[PDB]
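Reading the structure
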Amino acid sequence: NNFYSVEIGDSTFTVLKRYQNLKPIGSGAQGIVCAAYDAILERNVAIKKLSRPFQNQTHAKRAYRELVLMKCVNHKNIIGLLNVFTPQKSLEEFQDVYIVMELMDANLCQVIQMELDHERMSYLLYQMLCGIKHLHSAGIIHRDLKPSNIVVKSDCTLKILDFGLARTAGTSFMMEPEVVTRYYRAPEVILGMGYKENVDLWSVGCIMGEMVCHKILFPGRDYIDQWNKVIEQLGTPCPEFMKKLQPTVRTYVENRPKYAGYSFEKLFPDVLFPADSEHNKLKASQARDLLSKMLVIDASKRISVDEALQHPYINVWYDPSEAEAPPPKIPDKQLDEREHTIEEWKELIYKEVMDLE
Amino acid sequence: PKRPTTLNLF
Ligand SMILES: NC(=O)c1ccccc1Nc1ccnc(Nc2cccc(O)c2)n1
């Protein structure tokens, strides 16, 4: 054949010889991801092996949107899709999908382990915010933002990653509200309410905060202690919000201890923030203010994406082209609630993976 | 104000 193989742990990659000398760099959920050199390209690239392309009726729905979205969404702040293929010859044989994307130096966790200066931290946050926006402009939510899904480059550019849980609007409180990474779940998700665009904005808070403190904001020993860590921090949400909770959740939420919460001045004392200058927009004050507008329990009151891109701490970087870009366009083929059969799927994964390279 | 171009990742 043309492809080949290499021993990458308890698994094996069967790729086009054009991608040489592999090495693992990520133990994710949608599959392992290797960093390699694309000879033909003359630039090192990232390759994701899709684990059981259609094992459960669930792994499909995601592995699909990943593909689709990987395609229909292009923005300078969102990991570009380089290639996709499959070492298999035909349907009956098909059972593996490989994804090739650009390749960044590292993951945000890396930044979180270092001090930034306003300029940096604000630019990144900016970039991060542009990426999301572009997605939102299509009603497309990411639902799972976190360091792990954000990558940087020696030249300080930011690129968003992963689209498994990516989906639209949000019919309700999904089915498995566990799928999103704990530490970054937004109240609407924890209390199973039903999300809007800004659900991502909450995650953005958890991130920036972490980037500021250098440790996870709202830890949480389990799916439920999560809510606890949140309220112990921002204080019990007000009745208006309670009234919005399902009847069962409501009860429990109200039966908890009544936490007041701490002022953001104490949650993020000026020190923790990159050393202020004299400049006004790039100031701890301002940076701290954004946070307070994102780390909000009642989503209806949480700064929308644009409002963020316009806020004084991110404002200094604004540029129509990046922010107000044109909305990406997904056909209408991709559904986030549709439901087919293990097999029925197997087909759409081919007839797509196919006409993609 | 101008955009940052370097980022130490070590
Ligand atoms: N699912 C993924 O795409 C995934 C999962 C886990 C880790 C990475 C990635 N993807 C990815 C894509 C482009 N550049 C990097 N760069 C990079 C370099 C060094 C360490 C990293 O964590 C990332 N990583």
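Residues numbered from 1 in each chain as written, not as in the entry; some residues may be left out. Chains lettered and ligands numbered in written order. Heavy atoms only, no water. Residues with missing side-chain atoms left out of burial classes, pairs and counts.

Residue and element names in this part refer to chain A. Assignment of secondary structure puts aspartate 200 in helix α5 (residues 199-213). The buried charged residue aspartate 200 lacks any salt bridge partner; its closest oppositely charged side chain belongs to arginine 143, at an N-O distance of 7.8 Å. Apart from residues no more than four positions distant in its own chain, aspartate 200 is found in contact with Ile132, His136, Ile141, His142, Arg143, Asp144 and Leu145. (Helix = DSSP H or I, 4+ residues; strand = E, 2+ residues; numbered from the N terminus. Buried < 20%, exposed > 50% of the residue type's maximum accessible area, 1.4 Å probe, protein only. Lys, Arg positive; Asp, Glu negative; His and termini not counted. Salt bridge = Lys/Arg side-chain N within 4 Å of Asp/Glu carboxyl O. Contact = heavy atoms within 4.5 Å.)

The subject of this paragraph is the interface of chain A and chain B. Between chain A and chain B, the residue contacts involve 18 residues of the former and 10 residues of the latter. Here chain A meets chain B over a buried area of about 1100 Å², counting both sides, of which 61% is carbon and sulfur. Of all residues in chain A, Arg120, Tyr123 and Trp317 of chain A give up the largest surface area on contact with chain B, accounting jointly for 35% of the area buried on that side. There are one salt bridge connecting chain A and chain B. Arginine 3 of chain B serves as the salt-bridge partner of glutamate 322 of chain A, at 2.4 Å between the closest nitrogen and oxygen. Run the count over chain A and chain B and you get four residue pairs in polar contact. For the side of chain A that touches chain B, the element with the most residues is helix α3 (residues 118-136) of chain A, which contributes four residues. (Buried area = accessible area lost by both parts, 1.4 Å probe. Polar contact = N/O pair within 3.5 Å; in protein donor to acceptor, adjacent residues only side chain to side chain.)

In this section: the domain arrangement of chain A. Residue and element names in this part refer to chain A. As assigned here, chain A comprises domain 1 (1-105) and domain 2 (106-325). Taking the mean C-alpha position of each, domain 1 and domain 2 sit 29 Å from one another. The interface is formed by 17 residues belonging to domain 1 together with 23 residues belonging to domain 2. Both faces combined, the contact of domain 1 with domain 2 buries some 2000 Å², and carbon together with sulfur accounts for 58% of it. In terms of surface lost to domain 2, no three residues of domain 1 exceed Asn77, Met104 and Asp105, which account for 32% of the buried area on that side. Linking domain 1 with domain 2 are three salt bridges, by the criterion used here. Between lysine 159 and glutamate 102 there is a salt bridge, with the nearest N and O atoms lying 3.4 Å from each other. Summed over the shared surface of domain 1 and domain 2, the number is 13 residue pairs in polar contact. Ranked by residue count, the leading element in the side of domain 1 that touches domain 2 is helix α1 (residues 57-72), at five residues. (Domains from an automatic or database assignment.)

Residue and element names in this part refer to chain A. Tallying each qualifying case throughout the model produces 19 salt bridges over all chains. Note that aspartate 225 and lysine 229 form a salt bridge whose closest N and O atoms lie 2.7 Å from each other. Separated by four residues within a single helix, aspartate 225 and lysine 229 lie in helix α6 (residues 225-234), roughly one turn from each other. The exposure class of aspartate 225 is buried, given its relative accessible area of 15%.

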